[PDB]
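Take a look at this one chain, the form deposited in one PDB entry, written out in structure tokens.
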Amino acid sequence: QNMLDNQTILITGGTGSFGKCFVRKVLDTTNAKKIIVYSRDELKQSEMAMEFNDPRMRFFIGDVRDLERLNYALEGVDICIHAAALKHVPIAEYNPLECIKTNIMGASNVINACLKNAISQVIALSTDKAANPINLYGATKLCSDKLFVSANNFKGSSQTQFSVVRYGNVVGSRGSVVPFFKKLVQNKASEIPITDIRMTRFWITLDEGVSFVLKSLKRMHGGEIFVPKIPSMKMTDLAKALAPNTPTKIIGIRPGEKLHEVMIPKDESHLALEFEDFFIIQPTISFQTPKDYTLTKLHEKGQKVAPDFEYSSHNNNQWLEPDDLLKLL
């Protein structure tokens, strides 16, 4: 019950869509002692401090590529939510090392600084793009996920648990598809570009993600890659919600984009454990002090999966109509 009770939480990339939503959720629904936003931009932090004018907030201007600054911010932290990252796929293809420095080396420093300040639980955000990735960005998240999972194979005088939360497209995220079909039809959208007529994706709301991360804290043992069960929607149906009466030119594809997204690769189905509405991808490596992932801290039991299971988007159980999208737009 309420384990953020009197705990100090630090969230990197805290000024982003997830960050503001996560901070908002934690402030409203928990007795967290203090909530630390760790990010770089003074503009956004300056703005955020005004809209979240709360004494339980602390803003540290800092970069996840700077270990000394992180070591200083995590000082006395209990829980670290790692949401900082460079995720604009095509921009990442043109700026490889930047994305590597922020996502890979950033993961690296956060883990180092958390261990040093003896943090209790750490959850880093992943992405479906990190499974059998093709673009660099996805490659940097895969390296990220791997570091956090491996970070558990440590042995300090205070067990620090490291877990990962992976989920697909965030319906209407700060720069996604939905938040475009609105910004275009607002400035006389001559026509809203599309791509492949097979394009499918997983879907979830920002609130669902936050809630999920918040709950993963309650059942995590450390080492897990939690995957929530979410619905998928073909990119066509997403053409009748923010401009059905406006044509949509066909672009086909964009740099480093897939036709379908993978959440749980086939080659990892033996590590995958199933639950009522979420999966647990177990560590591919073994830890010194092994844990039993079949029983979460929330005493929710899990069963393995089909030796030939593949949790992909091109074909999942749940889907969504252009109404549900507006009903949850």
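Throughout, rigid core stands for the largest set of C-alpha atoms superposing within 1.5 Å between the two forms. Don't overthink the numbering: it's just position in the shown sequence, from 1.
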{"item": "154-162 or 135-143, whichever carries the higher mean Cα B-factor", "value": "154-162"}
{"item": "Residue range whose averaged C-alpha B-factor is higher in the record, 248-256 or 95-103", "value": "248-256"}
{"item": "Selection by C-alpha B-factor (highest) of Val89, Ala130, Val177, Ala84", "value": "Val177"}
{"item": "Out of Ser126, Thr200, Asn109, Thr205, residue topping the C-alpha B-factor column of the entry", "value": "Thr200"}
{"item": "Ranked against its chain, the third holding the CA B-factor of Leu217", "value": "middle"}
{"item": "CA B-factor ranking of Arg69, expressed as a third of its chain", "value": "lowest"}
{"item": "Chain-wide C-alpha B factor ranking for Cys21, given as lowest, middle or highest third", "value": "middle"}
{"item": "Relative C-alpha B-factor of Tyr167, binned into the chain's lowest, middle or highest third", "value": "middle"}
{"item": "Chain-relative CA temperature factor third for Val149", "value": "lowest"}
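The same protein also has a form deposited in another entry, omitted here; what follows describes it.
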item	value
Which of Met105, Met233, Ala241, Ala83 is displaced between this form and the one not shown by 2 angstroms or more at its C-alpha, rigid core aligned	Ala241
Core-aligned C-alpha movement of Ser158 between this form and the one not shown, 2 Å or more	no
Shift of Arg254 between this form and the one not shown at or above 2 Å (CA, core fit)	no
Cα displacement of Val185 between this form and the one not shown reaching 2 Å, rigid core superposed	yes
